[PDB]
């Protein structure tokens, strides 16, 4: 309870959850959601941020979903592979929201906020997936996000995930990139580093 409360209090009630999504295109309303990974965070007693929990689902292209081959070629996902283990968008988000809503309960926490690289992209797909599924209990703030591309611009002078991670002194494997799980991992680590670094430099507290 404490470490989830100290986390939220760091962001005025916001409970930051790192999200990465794979898709069949750039249109959140018409292109398929194909993969989603979520990483929750926590604050240790010293006030340092770090990764807590990890969820990950492959998602079945919804009925009516367009699919751009350039997208599939990019992330390498085959929506047809049987051993894929894809579930519905509903199932994926419901399970993630369930884990998040619990976080928000143990609260100085009020609402969840999405952390993502170029968060506008991942946010819109999540909101669209939730839309199709008619999920009423959505714990994420409907418009606000923590975009690590902007935070990296500030702290690192880099907006590209790989280059930002490298520049931050992080390991980065191009061969593992563009996978929901790896990308979310790197992004959560990058996010935690930027915040902590700000702390180490005496930028925080105020």
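Positions refer to the first chain, counted from 1.
Higher mean CA B-factor, judged across 118-126 and 104-112 from the recorded values: 104-112.
Of the two segments examined, 178-186 and 15-23, it is 178-186 that shows the higher average Cα temperature factor in the deposited entry. For the set 68, 54, 159, 167, the PDB entry puts the maximum C-alpha B factor at 68.
Per-chain ranking of the deposited C-alpha B factor places residue 138 in the middle third. Residue 94: CA B factor lies in the lowest third for its chain, per the PDB record. Per the PDB record, residue ranking by Cα B-factor puts residue 63 in the highest third of the chain. When the modelled residues of the chain are ordered by C-alpha B-factor, residue 202 sits in the middle third. Ranked against the other modelled residues of its chain, the C-alpha B-factor of residue 40 as given in the entry falls in the lowest third.
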